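> Contents of work.txt (compact mmCIF, C-alpha atoms) are given next:
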# COMPACT_ATOMS: atom_id res chain seq x y z
CA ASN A 84 16.50 7.99 -29.27
CA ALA A 85 17.15 4.59 -27.66
CA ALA A 86 16.59 5.98 -24.17
CA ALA A 87 13.52 7.85 -25.39
CA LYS A 88 12.13 4.57 -26.69
CA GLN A 89 12.92 2.80 -23.42
CA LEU A 90 11.14 5.51 -21.46
CA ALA A 91 8.20 5.44 -23.88
CA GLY A 92 7.92 1.72 -23.27
CA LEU A 93 8.09 2.27 -19.52
CA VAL A 94 5.25 4.78 -19.95
CA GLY A 95 3.43 2.20 -22.06
CA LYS A 96 4.31 -0.97 -20.18
CA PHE A 97 2.60 0.25 -16.99
CA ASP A 98 -0.05 2.93 -17.64
CA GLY A 99 -0.53 6.62 -18.32
CA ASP A 100 1.48 7.18 -15.13
CA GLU A 101 4.84 8.60 -16.12
CA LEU A 102 6.18 8.87 -12.56
CA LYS A 103 6.33 5.10 -12.18
CA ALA A 104 8.16 4.96 -15.51
CA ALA A 105 10.74 7.42 -14.17
CA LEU A 106 11.12 5.40 -10.98
CA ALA A 107 11.50 2.18 -12.99
CA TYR A 108 14.27 3.76 -15.05
CA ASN A 109 16.15 5.21 -12.10
CA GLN A 110 15.96 2.21 -9.81
CA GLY A 111 16.15 -0.44 -12.47
CA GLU A 112 13.46 -2.60 -13.84
CA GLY A 113 13.68 -6.02 -12.31
CA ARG A 114 16.65 -6.05 -9.98
CA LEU A 115 16.45 -4.57 -6.51
CA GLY A 116 14.13 -2.20 -8.17
CA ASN A 117 11.30 -4.48 -9.09
CA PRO A 118 9.97 -4.64 -5.65
CA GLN A 119 9.83 -0.88 -5.59
CA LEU A 120 7.94 -0.66 -8.87
CA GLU A 121 5.36 -2.97 -7.35
CA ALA A 122 5.55 -1.13 -4.10
CA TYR A 123 4.70 2.09 -5.78
CA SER A 124 1.51 0.37 -6.90
CA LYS A 125 0.32 0.62 -3.27
CA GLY A 126 0.78 4.39 -2.61
CA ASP A 127 4.05 6.37 -2.61
CA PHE A 128 5.20 4.55 0.46
CA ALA A 129 8.44 3.91 2.18
CA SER A 130 9.28 0.63 0.55
CA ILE A 131 10.95 3.03 -1.82
CA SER A 132 14.31 4.48 -0.89
CA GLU A 133 16.73 7.45 -0.61
CA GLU A 134 17.32 8.11 -4.33
CA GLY A 135 14.04 6.53 -5.40
CA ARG A 136 11.44 8.68 -3.67
CA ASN A 137 13.44 11.91 -3.97
CA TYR A 138 14.10 11.47 -7.70
CA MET A 139 10.45 10.49 -8.20
CA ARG A 140 9.45 13.68 -6.38
CA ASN A 141 11.76 15.77 -8.57
CA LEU A 142 9.46 14.91 -11.48
CA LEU A 143 6.34 16.33 -9.84
CA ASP A 144 5.87 18.32 -13.04
CA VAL A 145 4.25 16.76 -16.09
CA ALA A 146 2.58 14.26 -15.64
CA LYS A 147 0.00 12.92 -14.58
CA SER A 148 -0.04 9.83 -12.40
CA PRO A 149 -2.41 9.44 -9.43
CA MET A 150 0.65 8.95 -7.25
CA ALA A 151 1.88 12.32 -8.52
CA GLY A 152 -1.00 13.90 -6.62
CA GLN A 153 -0.41 11.25 -3.95
CA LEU A 154 3.36 11.60 -3.52
CA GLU A 155 2.77 14.93 -1.76
CA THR A 156 1.41 14.17 0.60
CA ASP B 375 -8.44 -21.95 18.47
CA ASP B 376 -10.13 -20.22 15.52
CA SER B 377 -12.42 -18.28 17.82
CA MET B 378 -9.52 -16.83 19.80
CA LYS B 379 -7.42 -16.19 16.69
CA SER B 380 -10.34 -14.47 14.96
CA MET B 381 -11.22 -12.27 17.94
CA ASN B 382 -7.63 -11.15 18.44
CA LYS B 383 -6.83 -10.50 14.78
CA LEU B 384 -10.25 -8.90 14.41
CA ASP B 385 -9.59 -6.28 17.07
CA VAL B 386 -6.12 -5.73 15.61
CA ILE B 387 -7.66 -5.18 12.16
CA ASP B 388 -10.27 -2.82 13.59
CA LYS B 389 -7.72 -0.71 15.43
CA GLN B 390 -5.37 -0.47 12.45
CA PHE B 391 -8.46 0.42 10.41
CA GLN B 392 -9.61 3.18 12.74
CA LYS B 393 -6.11 4.50 12.18
CA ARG B 394 -6.83 4.72 8.45
CA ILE B 395 -10.21 6.34 9.06
CA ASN B 396 -8.80 9.05 11.30
CA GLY B 397 -5.27 9.30 9.89
CA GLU B 398 -3.89 8.41 6.47
CA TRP B 399 -1.62 6.11 4.54
CA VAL B 400 -2.07 2.92 6.55
CA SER B 401 -2.14 0.22 3.84
CA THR B 402 -5.05 -1.95 5.01
CA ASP B 403 -4.76 -4.12 1.89
CA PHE B 404 -3.94 -7.60 3.23
CA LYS B 405 -0.64 -7.25 5.03
CA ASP B 406 -1.25 -6.02 8.57
CA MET B 407 0.24 -6.49 11.99
CA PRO B 408 0.52 -10.19 12.73
CA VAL B 409 3.16 -9.89 15.35
CA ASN B 410 0.70 -10.18 18.17
CA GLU B 411 2.12 -13.72 18.70
CA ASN B 412 -1.41 -14.86 19.41
CA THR B 413 -3.04 -13.47 16.28
CA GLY B 414 -0.55 -15.31 14.11
CA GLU B 415 -1.45 -15.52 10.46
CA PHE B 416 -3.94 -13.30 8.80
CA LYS B 417 -6.16 -15.33 6.49
CA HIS B 418 -7.94 -13.33 3.84
CA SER B 419 -11.09 -14.45 5.63
CA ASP B 420 -10.81 -11.90 8.43
CA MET B 421 -11.22 -8.68 6.45
CA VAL B 422 -14.42 -9.93 4.85
CA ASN B 423 -15.51 -11.23 8.24
CA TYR B 424 -14.34 -7.95 9.75
CA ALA B 425 -16.42 -5.83 7.39
CA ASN B 426 -19.49 -8.02 7.83
CA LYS B 427 -19.32 -8.22 11.62
CA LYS B 428 -18.52 -4.53 12.00
CA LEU B 429 -21.35 -3.48 9.70
CA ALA B 430 -23.83 -5.57 11.70
CA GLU B 431 -22.25 -4.19 14.88
CA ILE B 432 -22.95 -0.66 13.66
CA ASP B 433 -26.49 -1.76 12.88
CA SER B 434 -26.84 -2.91 16.49
CA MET B 435 -25.55 0.31 18.03
CA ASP B 436 -27.83 2.54 20.08
Transcribe the structure of this file into C-alpha cells.


Amino acid sequence: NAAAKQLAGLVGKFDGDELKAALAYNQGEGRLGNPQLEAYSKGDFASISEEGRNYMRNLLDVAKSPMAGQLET
Amino acid sequence: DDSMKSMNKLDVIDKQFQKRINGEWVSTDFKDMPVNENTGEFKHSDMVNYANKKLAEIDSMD
C-alpha cells in the first residue's frame, strides 16, 4: 500500500503520464535521476540510461503517456 | 561581431533544423550546436530571428 501510494503520487505529481512515474520510481526522484525525469520531458531521448530507457520500455502497456507512443520510435 | 556571430549561428540553426524537417528527434528547443568556436553562445534571440528571416527568405524565393 505504501508503494502504491508513492506510485499514485508519481502519477499525480507529474501528469496523466504513467511512464514518467515508472521512470521516476526506478531511477530515483531527485538524485542522479532528477535530470532524467526532466530529460524525459523533452522526448524519450538518450539523456536516459541503460536501466532507465529499457525499464521504461518494458511498461509499454497501460498507459497512456505521449512518450509511450513516442518511446518507440 | 554580432553580424558574424548571427550569420554563423543562423546557418548552424538552419542546418540542424533541416535535419529535423527531413529526419526526426533533433531537439531544436534552445540547446543546439555551439561548438563552432566562432558561433559561440546561442542567445534566445537567434531562433526568433531565424524564423523571421527564413520566413521572409521563403517569401522572396522564385

> Take every atom of range 99-110 of chain A listed in the file, pad by 3 Å on each side, and give me the axis-aligned box centre and edge lengths in Å, one decimal, as JSON.


{"center_x": 7.8, "center_y": 5.5, "center_z": -14.1, "size_x": 22.7, "size_y": 12.7, "size_z": 14.5}

> May I have the residues of chain B within 10 Å of chain A, counting all atoms listed in the file, written as a ChimeraX atom specification?

/B:398-401,403

> Taking 2 positions as the minimum chain separation for residues in the same chain, which residues sit within 12 Å of residue 132 in chain A when counting all atoms listed in the file? Answer as JSON, numbers by chain.

{"A": [106, 109, 110, 115, 116, 118, 119, 120, 122, 123, 127, 128, 129, 130, 134, 135, 136, 137, 138, 139, 140]}

> From (-13.7, 3.2, 12.1), in the file's coordinates, out to 12 Å: which residues are reached, counting all atoms listed in the file? Answer as an MDAnalysis selection string.

chainID B and resid 385 387:397 424:425 428:429 431:432

> Might you pull out every residue within 12 Å of residue 152 in chain A, with only C-alpha atoms counted and same-chain residues fewer than 6 positions away left off, and present them as a ChimeraX atom specification?

/A:100,102,126-127,140,142-146

> Counting only C-alpha atoms, I want the residues whose atoms come within 6 Å of (-7.4, -12.1, 1.9) in the file frame, returned as a ChimeraX atom specification.

/B:404,417-419

> What is the CA of residue 376 in chain B-CA of residue 411 in chain B distance in Å, reported with one decimal?

14.2 Å

> Excluding residue 416 in chain B and residues on its chain fewer than 5 positions from it, collect all residues at most 10 Å away from it, counting all atoms listed in the file, and give them as a PyMOL selection string.

chain B and resi 379-380+383-384+387+404-408+421

> With N, CA, C and O atoms as the target, complete range 413-424 of chain B and hand it back as a PDB file, in the frame of the given file.


ATOM      1  N   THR B 413      -2.271 -13.643  17.485  1.00  0.00           N
ATOM      2  CA  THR B 413      -3.040 -13.470  16.280  1.00  0.00           C
ATOM      3  C   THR B 413      -2.518 -14.360  15.173  1.00  0.00           C
ATOM      4  O   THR B 413      -3.284 -14.966  14.426  1.00  0.00           O
ATOM      5  N   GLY B 414      -1.203 -14.471  15.100  1.00  0.00           N
ATOM      6  CA  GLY B 414      -0.550 -15.310  14.110  1.00  0.00           C
ATOM      7  C   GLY B 414      -0.875 -14.880  12.712  1.00  0.00           C
ATOM      8  O   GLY B 414      -0.751 -13.715  12.379  1.00  0.00           O
ATOM      9  N   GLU B 415      -1.272 -15.820  11.868  1.00  0.00           N
ATOM     10  CA  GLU B 415      -1.450 -15.520  10.460  1.00  0.00           C
ATOM     11  C   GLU B 415      -2.665 -14.649  10.299  1.00  0.00           C
ATOM     12  O   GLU B 415      -3.594 -14.741  11.090  1.00  0.00           O
ATOM     13  N   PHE B 416      -2.682 -13.800   9.287  1.00  0.00           N
ATOM     14  CA  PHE B 416      -3.940 -13.300   8.800  1.00  0.00           C
ATOM     15  C   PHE B 416      -4.399 -14.063   7.564  1.00  0.00           C
ATOM     16  O   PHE B 416      -3.780 -13.977   6.513  1.00  0.00           O
ATOM     17  N   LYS B 417      -5.488 -14.817   7.681  1.00  0.00           N
ATOM     18  CA  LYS B 417      -6.160 -15.330   6.490  1.00  0.00           C
ATOM     19  C   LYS B 417      -6.815 -14.152   5.773  1.00  0.00           C
ATOM     20  O   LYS B 417      -7.071 -13.101   6.360  1.00  0.00           O
ATOM     21  N   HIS B 418      -7.131 -14.341   4.494  1.00  0.00           N
ATOM     22  CA  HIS B 418      -7.940 -13.330   3.840  1.00  0.00           C
ATOM     23  C   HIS B 418      -9.340 -13.297   4.425  1.00  0.00           C
ATOM     24  O   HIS B 418     -10.061 -12.311   4.256  1.00  0.00           O
ATOM     25  N   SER B 419      -9.725 -14.345   5.149  1.00  0.00           N
ATOM     26  CA  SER B 419     -11.090 -14.450   5.630  1.00  0.00           C
ATOM     27  C   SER B 419     -11.438 -13.346   6.624  1.00  0.00           C
ATOM     28  O   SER B 419     -12.611 -12.990   6.772  1.00  0.00           O
ATOM     29  N   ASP B 420     -10.446 -12.797   7.335  1.00  0.00           N
ATOM     30  CA  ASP B 420     -10.810 -11.900   8.430  1.00  0.00           C
ATOM     31  C   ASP B 420     -11.414 -10.611   7.893  1.00  0.00           C
ATOM     32  O   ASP B 420     -12.461 -10.167   8.370  1.00  0.00           O
ATOM     33  N   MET B 421     -10.777  -9.999   6.891  1.00  0.00           N
ATOM     34  CA  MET B 421     -11.220  -8.680   6.450  1.00  0.00           C
ATOM     35  C   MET B 421     -12.645  -8.721   5.930  1.00  0.00           C
ATOM     36  O   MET B 421     -13.426  -7.806   6.205  1.00  0.00           O
ATOM     37  N   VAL B 422     -13.018  -9.767   5.198  1.00  0.00           N
ATOM     38  CA  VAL B 422     -14.420  -9.930   4.850  1.00  0.00           C
ATOM     39  C   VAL B 422     -15.260 -10.132   6.098  1.00  0.00           C
ATOM     40  O   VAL B 422     -16.292  -9.471   6.287  1.00  0.00           O
ATOM     41  N   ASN B 423     -14.839 -11.053   6.961  1.00  0.00           N
ATOM     42  CA  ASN B 423     -15.510 -11.230   8.240  1.00  0.00           C
ATOM     43  C   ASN B 423     -15.496  -9.944   9.049  1.00  0.00           C
ATOM     44  O   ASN B 423     -16.482  -9.622   9.722  1.00  0.00           O
ATOM     45  N   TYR B 424     -14.398  -9.192   8.995  1.00  0.00           N
ATOM     46  CA  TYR B 424     -14.340  -7.950   9.750  1.00  0.00           C
ATOM     47  C   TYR B 424     -15.384  -6.965   9.255  1.00  0.00           C
ATOM     48  O   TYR B 424     -16.137  -6.395  10.049  1.00  0.00           O
TER      49      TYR B 424
END
